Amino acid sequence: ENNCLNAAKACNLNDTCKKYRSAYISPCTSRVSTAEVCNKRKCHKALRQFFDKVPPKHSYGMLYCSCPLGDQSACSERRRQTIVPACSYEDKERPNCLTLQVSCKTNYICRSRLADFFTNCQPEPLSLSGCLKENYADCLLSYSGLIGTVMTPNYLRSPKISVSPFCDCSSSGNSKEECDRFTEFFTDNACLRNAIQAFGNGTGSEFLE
């Protein structure tokens, strides 16, 4: 079955999830000027409201739905469309990730949410969970907390599960290693990968639920 489609059905059949899902799809798809497809501010704000007010079983059910193929499938494209990336994510200019990090750290909430993500999803390859903090739920909470900030992450078009904020390491200068470490915490994080996979499984894991 299409797990992402099943999660969308379950959401529209729940009064709370249906209301707040539409409450962000409308501003994230409503053009308000001839220059921008959306009001990106209101799109991020309503996205933050969705994950704050909708219980995780519905909000994580759509964000962390499992698919067999990570690209080109109907599952995976629906999952990629969860945050309405054409407004919330894709942008004309693609900043350097370290430059984006400086900008995020000047926002009190963005700085707070980014610190929680780096703390709660920290890898530890000695752990059977792959995380330093063997609590997948806290990692999934911290990661989903980034949605609606300038650090909004989304699934990349890859055969595996790989996510990243809208940035890259082009033109990093003498800080190429530091930038690559930053992105790899998103794109190649066994703790985050295990946490996302453990939720999609929908089973009683030792480090989740």
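For every residue, the number given is its place in the sequence shown, counted from 1.
Of 68-76 and 99-107, the one with larger mean CA B-factor: 68-76 has the higher mean C-alpha B-factor.
88-96 or 119-127, whichever carries the higher mean Cα B-factor: Result of the comparison: 88-96.
Of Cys167, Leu140, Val150, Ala35, which one's C-alpha B factor is largest in the deposited record? Answer, based on the entry's C-alpha B-factors: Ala35.
Looking at the C-alpha B-factor values in the deposited entry, which of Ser171, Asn39, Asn154, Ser144 comes out highest? Result of the comparison over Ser171, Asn39, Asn154, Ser144: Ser171.
Against its chain's modelled residues, does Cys4's Cα B factor rank lowest, middle or highest third? As the PDB entry reports it, the C-alpha B-factor of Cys4 lands in the middle third of its chain.
If you rank every modelled residue in this chain by C-alpha B factor, which third holds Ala23: lowest, middle or highest? It falls in the bottom third of the chain.
When the modelled residues of the chain are sorted by Cα temperature factor, does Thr187 land in the lowest, middle or highest third? According to the entry, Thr187 has a C-alpha B-factor in the chain's middle third.
CA B-factor placement of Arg181, once the chain's modelled residues are sorted into thirds: Its C-alpha B-factor belongs to the middle third of this chain's values.
Pull the Cα B-factor of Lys160 out of the PDB entry and bin it into the chain's lowest, middle or highest third. For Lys160, whose C-alpha B-factor we compare with every modelled residue in the chain, the answer is the highest third.
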